[PDB]
Novice: 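Once you've had a glance at the structure underneath, I'll fire off some questions.
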Amino acid sequence: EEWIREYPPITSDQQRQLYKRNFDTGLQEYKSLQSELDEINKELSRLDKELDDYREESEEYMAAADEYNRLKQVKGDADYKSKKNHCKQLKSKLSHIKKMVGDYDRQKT
């Protein structure tokens, strides 16, 4: 919900190429953000497996639980959540630019 005023339907090859460059720049940021947000989920996933593995009374289990809770906290704080929101914004914009480019290319084909 919307990007058309910044990136309206294309009317020239040069405007198309400009959109592609902007798309490539945004895609890189999108991917970097995906990886960054994913570092916590992968770690939480491995911690989940460790909780399944260790005896509930062990120090190992307590250590896993503390870390899992630490990460859950980070995942819920402002930095993480805004990064996530930013990632969604970028995804939406990227999807829109890809559509404008595809539409333009389609009518020349």
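We're numbering straight along the sequence, starting at 1. Just the heavy atoms: all of them, side chains too, but no hydrogens, waters or symmetry mates, feed the values below.
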Novice: How many angstroms lie between CG in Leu47 and CD in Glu43, if you round to the nearest 0.5 Å?
Specialist: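 So the CG of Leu47 and the CD of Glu43 are separated by 4.0 Å.
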Novice: Under the criterion salt bridge (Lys or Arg N to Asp or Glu O under 4.0 Å), I'd like the reasoning laid out for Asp53 against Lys49: C-alpha separation, chi angles, the key distance, then a yes or no.
Specialist: CA-CA 6 Å; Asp53 188 9; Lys49 295 181 176 57; over 6 Å; no
Novice: Would you say that more than 12 heavy atoms from the other residues, nucleotides or ligands in this model lie under 6.0 Å from the CD of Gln107, or not?
Specialist: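 Yes, the 6.0 Å shell around CD holds more than 12 heavy atoms from other groups.
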Novice: Working to the nearest 0.5 angstrom, can you tell me the gap between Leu51 CG and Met62 CE?
Specialist: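 So the CG of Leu51 and the CE of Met62 are separated by 11.5 Å.
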Novice: How many angstroms lie between OG in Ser32 and NZ in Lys83, if you round to the nearest 0.5 Å?
Specialist: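 Taking OG in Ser32 and NZ in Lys83, the distance rounds to 11.0 Å.
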Novice: Determine whether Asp103 and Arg106 satisfy the following criterion, side-chain contact (heavy atoms from CB on, under 4.5 Å), listing intermediate values before the conclusion.
Specialist: CA-CA 5 Å; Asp103 289 347; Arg106 196 174 305 102; 2.9 Å; yes
Novice: Between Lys93 and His96, does the side-chain contact (heavy atoms from CB on, under 4.5 Å) criterion hold? Intermediate values first, please.
Specialist: CA-CA 5 Å; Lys93 180 174 83 137; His96 173 263; 5.7 Å; no
Novice: For the pair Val101 and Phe23, evaluate side-chain contact (heavy atoms from CB on, under 4.5 Å) and give the outcome as yes or no after the intermediate values.
Specialist: CA-CA 10 Å; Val101 170; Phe23 176 91; over 6 Å; no
Novice: Run the side chain to side chain donor-acceptor pair (under 3.5 Å) test against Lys108 and tell me which residues pass, sequence neighbours left out.
Specialist: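 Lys108 satisfies side chain to side chain donor-acceptor pair (under 3.5 Å) with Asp13, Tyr104 only.
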Novice: Tell me whether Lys91 at atom NZ has more than 12 heavy atoms from other residues, nucleotides or ligands lying less than 6.0 Å away.
Specialist: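 Open: at most 12 neighbouring heavy atoms sit under 6.0 Å from NZ of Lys91.
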Novice: How far does OH of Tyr54 sit from CD of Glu60, to the nearest 0.5 angstrom?
Specialist: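 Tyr54 atom OH to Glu60 atom CD measures 6.0 Å (nearest 0.5 Å).
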Novice: Are the side chains of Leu94 and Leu27 in contact, using a 4.5 Å heavy-atom criterion?
Specialist: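 Answer yes - side chains close enough.
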Novice: Hey, could you give me each pair passing side-chain hydrogen bond (donor to acceptor under 3.5 Å, both in side chains) that has a residue in residues 62-78? Not counting sequence neighbours.
Specialist: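 For residues 62-78: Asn41-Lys75, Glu67-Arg70.
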Novice: With sequence neighbours excluded, tell me which residues meet salt bridge (charged side-chain N to carboxylate O under 4.0 Å, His left out) with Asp48.
Specialist: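 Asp48 satisfies salt bridge (charged side-chain N to carboxylate O under 4.0 Å, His left out) with no other residue.
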Novice: Looking at residues at least two apart in the chain, or sitting in another chain, which of them share a ring-ring contact (aromatic ring centres under 6.0 Å, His included) with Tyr19?
Specialist: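 Partners of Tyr19 under the ring-ring contact (aromatic ring centres under 6.0 Å, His included) test: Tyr7.
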Novice: By salt bridge (charged side-chain N to carboxylate O under 4.0 Å, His left out), which residues pair with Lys98, not counting sequence neighbours?
Specialist: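 In terms of salt bridge (charged side-chain N to carboxylate O under 4.0 Å, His left out), with neighbours along the sequence ignored, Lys98 is linked to no residue.
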Novice: Just how far is it from atom CD of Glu39 to atom CG of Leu71, taken to the nearest 0.5 Å?
Specialist: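 Separation between the atoms: 11.0 Å.
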Novice: Are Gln14 and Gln17 close enough that some pair of their side-chain heavy atoms sits under 4.5 Å apart?
Specialist: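 In short, these two side chains do not touch, never coming nearer than 4.5 Å.
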Novice: Side chains of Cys87 and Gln34: closer than 4.5 Å at any heavy-atom pair?
Specialist: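 They are in side-chain contact.
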Novice: Return yes if some donor-acceptor pair links the side-chain N/O of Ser92 with the main-chain N/O of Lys88 below 3.5 Å, else return no.
Specialist: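 Between the backbone of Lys88 and the side chain of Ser92 there is no qualifying donor-acceptor contact (under 3.5 Å).
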Novice: Would you say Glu29 and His86 are linked by a side-chain donor-acceptor pair, where the criterion is simply a distance under 3.5 Å?
Specialist: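 Yes, side-chain donor-acceptor contact under 3.5 Å.
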Novice: When rounded to the nearest 0.5 angstrom, what is the spacing between OH in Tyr61 and CG in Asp52?
Specialist: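 Answer for the OH-CG pair, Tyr61 versus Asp52, is 8.0 Å.
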Novice: For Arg16, what residues pass the side chain to side chain donor-acceptor pair (under 3.5 Å) criterion, not counting sequence neighbours?
Specialist: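 So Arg16 forms a side chain to side chain donor-acceptor pair (under 3.5 Å) with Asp105.
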Novice: Could you go through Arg21 and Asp24, starting from their C-alpha distance and side-chain angles, then the distance that decides it, and tell me whether this counts as salt bridge (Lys or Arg N to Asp or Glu O under 4.0 Å)?
Specialist: CA-CA 5 Å; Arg21 284 195 290 287; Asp24 294 351; over 6 Å; no
Novice: If you apply the rule side-chain contact (heavy atoms from CB on, under 4.5 Å), what do you find for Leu33 with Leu90, and how did you get there?
Specialist: CA-CA 10 Å; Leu33 268 157; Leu90 262 183; 4.0 Å; yes
